[PDB]
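In structure tokens, the next block holds one chain alone, the form deposited in one PDB entry.
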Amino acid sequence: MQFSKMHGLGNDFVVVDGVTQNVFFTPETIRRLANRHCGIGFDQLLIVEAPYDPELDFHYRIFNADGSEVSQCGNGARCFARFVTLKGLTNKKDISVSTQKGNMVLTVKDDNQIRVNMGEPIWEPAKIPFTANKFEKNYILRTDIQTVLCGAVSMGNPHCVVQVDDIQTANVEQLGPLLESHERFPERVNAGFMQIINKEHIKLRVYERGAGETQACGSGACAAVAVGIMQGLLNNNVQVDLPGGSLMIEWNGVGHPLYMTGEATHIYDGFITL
């Protein structure tokens, strides 16, 4: 199996062409390969596949380091765009992809950054999925050490967004694991901790479902901004500072797609026998 290693803001990926290769594996193999000392080492593994809808360019699959398959990854989407361009699977400026859930559009900008149309944020609890009697802008999540308030939203994957006074001292280390597997999120959740600097600028840390705290989470950045906008605490264009760097998120509100812009970098190419 040939693969490439890439990263977006230090969130690192193995990306595999599954158009010209037949690519499949067990969760055990994914976990073996994710290991940084005995495997390849990665936060997520992505596959580029032929589309099921032939009007689209590609199908996009995402695997976590823990071996789980999920339906969204924002940093990965940017890497996916850079990969299919660099490797000559396409030369289109606007690339249309499907996922297990909705479609997305990946735009290769002239400054080489990628702007991703992530689709419209999903708010209805049952669709997130998230257990709640009614849609609310804030939900109460009880944990063993603290009850917190969060917004909840899906970008194709589930997010719970907690507002914090100071990003450096937020209890990500203890609260993150408690929220990530909270009983109200039947498919687990990415737990975001957001410090609002002003209406166009936040700092964010995300304890990811199936990966823990990493250097950056694009879909987490999307979710935090969507939640802040829904709550009336943020404007429609927001700079999000993550440990590994910054993303620009744009969202004009319900009925509209959310856009995420940022870097994507190819590192090396590899070959491995599974």
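Residue numbers run from 1 along the displayed sequence. Each form is matched to the other, and the largest set of C-alpha atoms that superpose within 1.5 Å is called the rigid core.
Another form, the form deposited in another entry, is not on view; read the next lines as being about it.
Chemist: Taking the rigid core as the superposition reference, indicate whether the CA of residue 115 shifts 2 angstroms or more between the shown form and the other one.
Modeler: Comparing forms between the shown form and the other one, the residue 115 CA shifts below 2 Å.
Chemist: For residue 216, is the CA shift between the shown form and the other one at least 2 Å following rigid-core superposition?
Modeler: Residue 216 C-alpha, core-superposed: shift of less than 2 Å.
Chemist: Once you compare with this form, do the C-alpha atoms of residue 72 and residue 206 lie closer or farther in the other entry, given a change of 3 Å or more?
Modeler: Nearer in the other entry, by 3 Å or more.
Chemist: Knowing the shift is 3 Å or more, I'd like to know if the C-alpha atoms of residue 72 and residue 209 are closer or farther apart in the other entry than in the shown chain.
Modeler: Compared with the form shown here, the C-alpha atoms of residue 72 and residue 209 sit closer together in the other entry, by 3 Å or more.
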